[PDB]
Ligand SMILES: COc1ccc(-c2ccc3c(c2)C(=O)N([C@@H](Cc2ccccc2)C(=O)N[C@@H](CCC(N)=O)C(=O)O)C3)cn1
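Just one chain is shown here, as structure tokens, and it is the form deposited without the named molecule.
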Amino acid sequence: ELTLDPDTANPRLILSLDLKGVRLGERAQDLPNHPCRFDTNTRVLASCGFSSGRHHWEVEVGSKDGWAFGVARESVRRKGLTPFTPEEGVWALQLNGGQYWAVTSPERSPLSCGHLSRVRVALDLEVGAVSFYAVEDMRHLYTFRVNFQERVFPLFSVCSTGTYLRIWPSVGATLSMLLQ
């Protein structure tokens, strides 16, 4: 089963003991600087990535603002403040402003999908797509079609307190997602 990789996690994130959950903590942990660790953006990867095939997992999502999740190409930049965009190799859904978004660029796409509790992620490296479904009726949320050219990892980001993500088998607005 998928677990979060603590060696990639931004030091302000708090991972659960079972390595399935992530939230943002108030203080930075004193962790080893590793080239794979996100040092500024509030991100963490799963410990397993995928080069081929089709893969499912489910993500339990908090009801409040501050999370984004999906997949990232392995070469996603880890160091410095980076954009949270498809150009940087992140393909994700996000909750901010009480609104669900597919994080397209240059403008994000608002989703009129109703309340989300758990989302199934379907990664298809044979055809090149990642799709998101709400589990209670499998209604489609969004699909990114991407010609992935490298290994792809489940990706999780929490940049505000008061929300979380968990694995299962104007100015103020900008600051609120700056470190996503």
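Don't overthink the numbering: it's just position in the shown sequence, from 1.
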- Item | Deposited but uncoordinated residues in the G162/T163 interval | none
- Which wins on mean Cα temperature factor, 30-38 or 138-146? 30-38
- Note on the structure: Mean Cα B-factor check, 127-135 vs 48-56, entry values; winner is 48-56
- Item | Cα B factor band for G114 (lowest, middle or highest third within the chain) | highest
- Based on the entry's values, in what third of the chain does the Cα temperature factor of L15 lie: lowest, middle or highest? middle
- Task: Report the third (lowest, middle or highest) to which the CA temperature factor of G98 belongs, ranking only the modelled residues of the same chain.
- Result: highest
- Task: Could you say whether, by C-alpha temperature factor, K64 belongs to the lowest, middle or highest third of its chain?
- Result: highest
- Query: Which third of the chain holds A9 when residues are ordered by C-alpha B factor: lowest, middle or highest?
  - Reply: middle
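Note that the form deposited with the named molecule bound isn't included here; everything after this is about it.
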- Is the site here open or blocked once the named molecule, taken in the deposited complex, is overlaid via the site C-alphas (blocked: 3+ ligand atoms within 2.4 Å of backbone or C-beta atoms)? blocked
- Item | Whether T3, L45 and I167 all lie within 4.5 angstroms of the named molecule in the deposited complex by heavy atom | no
- Query: Since the chain is shown here on its own, which stretch among 113-121, 54-62, 36-44, 134-142 would lie within 4.5 Å of the named molecule in the deposited complex, judged by heavy atoms?
  - Reply: 36-44
- Query: Does the named molecule get within 4.5 angstroms of any non-hydrogen atom of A68 in the deposited complex?
  - Reply: yes
- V22, heavy atom within 4.5 angstroms of the named molecule in the deposited complex: no
- Item | Any non-hydrogen atom of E126 within 4.5 angstroms of the named molecule in the deposited complex | no
- Spell out, yes or no, whether the shortest heavy atom distance between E150 and the named molecule in the deposited complex is within 4.5 Å. no
- Note on the structure: Contact check, 139-163 vs the named molecule in the deposited complex, heavy atom within 4.5 Å, ordered by sequence, gives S157, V158, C159, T161
